[PDB]
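Contents: one structure, followed by commentary.
Within every chain, numbering begins at 1; the chains are lettered A, B, ... in the order of the sequence lines, protein sequences first and strands thereafter.
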Amino acid sequence: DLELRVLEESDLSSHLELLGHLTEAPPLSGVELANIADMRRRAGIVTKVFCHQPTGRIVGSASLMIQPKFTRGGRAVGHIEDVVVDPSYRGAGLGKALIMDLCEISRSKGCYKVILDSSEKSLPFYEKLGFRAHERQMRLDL
Amino acid sequence: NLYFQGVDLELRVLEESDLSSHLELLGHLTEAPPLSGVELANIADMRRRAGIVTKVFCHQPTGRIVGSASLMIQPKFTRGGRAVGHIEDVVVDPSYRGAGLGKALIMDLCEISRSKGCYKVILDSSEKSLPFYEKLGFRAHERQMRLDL
């Protein structure tokens, strides 16, 4: 019933909605939604989504940012974020599927590591993948 | 402009003629094998197009880069499109350490993130670097996971 694929302009609406589960997601216009999408492309971000084909509802999303460093001979690092699954599709293997895919995209670009930040509950899920705990995420609110 | 100690230092944006001394500084963080000016420039353009800002302490009279920190300013669909800042690769030269240069770098990039409308700045800290970041307003939240390869 579902299709994994890169985010497209016509998803932006439903996708903004699915993210409403991560944090507040007030409306943006077609113009604003496409510019943000442009800056995210310019920034080396791929958003992979699960789309339920009949309704077109985005039921899954995860983003990869890949960026070159000057270190390790110029080799890239992949950073995963904003993994979100519809409350109706939780327990269904979508989250795992998204991560797997982005790690493969990381591999095919020659990244030497994929990093993400995890809550206390998502830990065991990530470790089965097998990501391993290291540093501590620090946050400053501005 | 917030005061930092050192009459001979300047806090400024990374430049093309810095790239080689800068890679050398970054060898205090991890392996930094050498790269040609062409590779350096390529990587520097790519990071710049991606919206990364690198701020640098330069020892003016040698040209030596003695402090670096990087900010990715990262656009989002949520919160009306308000960006998230990510700091990475903070490093100061061992000879310039304990003079508050790493504090001045972080503070500077936090201010830059505010100018660009960011609602937060995240980074990842090792166990030792924890109190340092605490003192700069950062509070411990999630755990970094790493997948090798």
| field | Structural part of B/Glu88 lying under 4.5 Å from a heavy atom of chain A | value | side chain
| query | Any side-chain heavy atom of B/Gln144 within less than 4.5 Å of one from A/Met138? | reply | no
| Flag side-chain contact, heavy atom, 4.5 Å: A/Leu142 against B/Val121 | yes
| message | Would you say that A/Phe70 contacts B/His22 through its side chain, given a criterion of any heavy-atom pair below 4.5 Å between the two side chains? | response | yes
| query | Considering only heavy atoms, which portion of B/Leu35 lies under 4.5 Å from any heavy atom of chain A: side chain, backbone, both, or neither? | reply | side chain
| note | Nearest heavy-atom approach of B/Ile43 to A/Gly74 is CD1-CA, 3.9 Å
| B/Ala83 portion near chain A, given a 4.5 angstrom heavy-atom threshold | neither
| Reported NZ-to-CG distance for the pair A/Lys69 and B/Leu29, which is rounded to 0.5 angstrom | 7.0 Å
| task | First locate atom CZ of B/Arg146, then atom CZ of A/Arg132, and finally report the distance between them rounded to the nearest 0.5 Å. | result | 10.5 Å
| query | Does a side-chain heavy-atom distance below 4.5 Å link A/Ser119 with B/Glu142? | reply | yes
| task | Tell me whether A/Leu116 is reachable from A/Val77 by hopping between hydrophobic residues (I, L, V, M, F, W, Y) whose side-chain heavy atoms are closer than 4.5 Å. | result | no
| query | Which residue out of A/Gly130, A/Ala25, A/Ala133, A/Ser63 racks up the most heavy-atom pairs below 4.5 Å with chain B? | reply | A/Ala133
| Tell me, side chain or backbone of A/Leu12 under 4.5 Å from chain B's heavy atoms, or both, or neither? | side chain
| message | Are B/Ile106 and B/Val53 connected into the same hydrophobic cluster when the rule is that any two of I, L, V, M, F, W, Y join if their side-chain heavy atoms are below 4.5 Å apart? | response | yes
| request: Please check if atom CD in B/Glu16 has more than 12 non-hydrogen atoms from other residues, nucleotides or ligands closer than 6.0 Å. | output: no
| message | Could you go through B/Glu31 and A/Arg75, starting from their C-alpha distance and side-chain angles, then the distance that decides it, and tell me whether this counts as salt bridge (charged side-chain N to carboxylate O under 4.0 Å, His left out)? | response | CA-CA 11 Å; B/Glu31 282 78 32; A/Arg75 269 247 256 178; over 6 Å; no
| task | Sort B/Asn42 into side chain, backbone, both or neither according to what part of it lies under 4.5 angstrom from a heavy atom of chain A. | result | neither
| request: State whether the number of non-hydrogen atoms from other residues, nucleotides or ligands found under 6.0 Å of A/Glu32 atom CD is greater than 12. | output: yes
| said: Holding to salt bridge (charged side-chain N to carboxylate O under 4.0 Å, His left out), I want the full list of residues that pass it with B/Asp124, two or more places apart in sequence or in another chain. | reply: none
| note | Value for CD1 (B/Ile122) from CG (A/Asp141), rounded to nearest 0.5 Å, stands at 11.5 Å
| Taking only residues two or more places apart in sequence, or in another chain, which ones meet B/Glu111 in a salt bridge (charged side-chain N to carboxylate O under 4.0 Å, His left out)? | B/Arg114
| task | Quick one: pull up CD1 in A/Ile45 and CE in B/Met72 and give me the separation to the nearest 0.5 Å. | result | 5.5 Å
| said: Under 4.5 Å between side-chain heavy atoms, counting indirect links through other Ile/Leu/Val/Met/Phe/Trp/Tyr residues: same cluster for A/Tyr112 and A/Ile80 or not? | reply: no
| remark: Between B/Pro33 and A/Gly73 the two heavy atoms that sit nearest each other are CG-N, 3.5 Å
| request: Counting only heavy atoms closer than 4.5 Å, note whether A/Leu7 contacts chain B via side chain, backbone, both or neither. | output: side chain
| query | Hey, what do you get for CD (A/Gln67) to CD (B/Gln74), rounding to the nearest 0.5 Å? | reply | 11.5 Å
| message | With rounding to the nearest 0.5 angstrom, report the CG to OG1 distance, B/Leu23 to A/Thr71. | response | 8.0 Å
| message | Does atom CD (A/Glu17) have a neighbourhood of more than 12 heavy atoms from anything else shown, all under 6.0 Å? | response | no
| message | If you compare all heavy atoms of B/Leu147 against all heavy atoms of A/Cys103, which two are closest, and at what distance to 0.1 Å? | response | CD2-SG, 3.7 Å
| task | Please say whether more than 12 non-hydrogen atoms of neighbouring residues, nucleotides or ligands are located less than 6.0 Å from NZ in A/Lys113. | result | yes
| query | Would you say A/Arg40's side chain and B/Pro75's backbone share a donor-acceptor pair under 3.5 angstrom? | reply | yes
